[PDB]
Amino acid sequence: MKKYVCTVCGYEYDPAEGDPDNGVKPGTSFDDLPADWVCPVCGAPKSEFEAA
Ligand code: NI
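Its first residue numbered 1, the sequence shown is counted upward by one per residue in PDB author numbering.
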């Protein structure tokens with residue numbers, strides 16, 4: 001229940017799912033994501049992500 005969103009394009013991330021774009025398992029936390037990880041939609045850095 002931490003579904004965040006991008007502050008550039010708007011790509012609701014799923015922590016309970018992960019992220020194949022880069023390679024993440026379900027039940028993971030964004031913060032857990034790598035630094036080289038970025039909104040795989042626009043580009044914005046993970047630093048531009050917040051929990052709405
Ligand atoms: Ni974005």
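All C-beta atoms in this analysis are idealised placements derived from N, C-alpha and C, irrespective of residue type, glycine included.
Spanning the alpha carbons of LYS25 and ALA44 requires a straight line of approximately 21 Å. Within the chosen limit of 7 Å, the ligand NI reaches the beta carbon of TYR11 through at least one heavy atom.
At a cut-off of 7 Å, the beta-carbon of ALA44 counts as near the ligand NI: some heavy atom of the ligand is closer than that.
Here the C-alpha atom of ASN22 lies approximately 9 Å from the C-alpha atom of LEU33. CA-CA distance, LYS3 to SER29, rounds to 9 Å.
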